[PDB]
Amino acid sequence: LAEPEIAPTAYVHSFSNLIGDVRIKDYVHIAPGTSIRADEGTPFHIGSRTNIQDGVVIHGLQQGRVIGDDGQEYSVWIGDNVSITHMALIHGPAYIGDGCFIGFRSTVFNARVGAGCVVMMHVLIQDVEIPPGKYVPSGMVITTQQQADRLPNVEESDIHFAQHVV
């Protein structure tokens, strides 16, 4: 496999299982207890200032890609200023836009989550595109575009909540 590209100012805990063509940008913080393996789906991108918390798995299917902001194909693209919180599963093909909060134990698989979404806890997002700036309440199972298209907009209190957590 290709080697990870780890920006000089990124922090990757030595316990993180980081493998393959994972392109990690400035000031990223990858916690212990994480698995970020581009051994099937590849490449991955993790944007600047993004935090990957303990218990997260990031993996990808061999087949299936999203377009990154650079126009290249990725198995997983996670933007800048994103929080991928404890036990989240981000499984390629997946795009998560800048500034998103992905709350505890939530999954994004075969999906695009627009910039500035606040996804709460114990959520499944699969097989859909979530527009930018949407809020997903805890426990929601979003598997159809019809559901995704009904989601509420992020409110000030949702932004406040996310900022408080991270």
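Start at 1 with the first residue shown and count on from there.
If you average the Cα B factors in the entry, which is higher, 150-158 or 8-16? Result of the comparison: 150-158.
Within-chain third of residue 138 by Cα B-factor, per the entry: Ranked within chain, residue 138 CA B lands in the lowest tercile.
Taking only the Cα B-factors deposited for this chain, tell me whether residue 45 sits in the lowest, middle or highest third. For residue 45, whose C-alpha B-factor we compare with every modelled residue in the chain, the answer is the lowest third.
Comparing against every modelled residue in the chain, figure out the third that the C-alpha B-factor of residue 115 lands in (lowest, middle or highest). It belongs to the lowest third of the chain when residues are ordered by C-alpha B-factor.
Position of residue 55 among the chain's modelled residues by C-alpha B-factor, lowest, middle or highest third: According to the entry, residue 55 has a C-alpha B-factor in the chain's lowest third.
Split into thirds by Cα B-factor across the chain's modelled residues, where does residue 121 land: lowest, middle or highest? Lowest third.
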